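Let me begin by presenting the structure, written as structure tokens, before commenting on it.
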Amino acid sequence: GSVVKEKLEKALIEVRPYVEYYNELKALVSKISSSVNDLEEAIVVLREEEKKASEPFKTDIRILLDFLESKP
């Protein structure tokens with residue numbers, strides 16, 4: 001796996017009380033971190049995952065996604 005996976009594992013825990021379908025995000029992030037080489041590659045992929053998703057799984061993805069980007 002990539003060093004991307006670690007930053008993604010940190011993100012999982014922090015947004016965990018906010019995100020519904022944490023298990024689903026957990027399977028998605030387990031997939032993408034083995035596919036993407038950069039954290040920026042994980043971000044843009046999750047910007048598609050959001051579009052492909054529907055609420056509240058679209059709310060799940062955006063919370064972790066943004067948190068990676070570190071947008072205030």
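For the structure tokens, the naming scheme is as follows: chains receive sequential letters (A, B, ...) according to their order of presentation, residues are indexed from 1 within each chain, and ligands are indexed from 1 in presentation order.
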
task = Write out as a PyMOL selection string which residues come within 12 Å of region 8-11 of chain A when counting only C-alpha atoms, dropping same-chain ones fewer than 5 positions away.
result = chain A and resi 1-3+16-19+22+25-34+36+38-43+46+60-70

inquiry  = Could you pull out the alpha helix (DSSP H) residues of chain A, going by DSSP on the backbone, and write them as a PyMOL selection string?
reply    = chain A and resi 4-15+22-32+39-52+57-69

remark   = As a check of understanding: the span from CA of residue 71 (chain A) to CA of residue 35 (chain A) is 24.1 Å
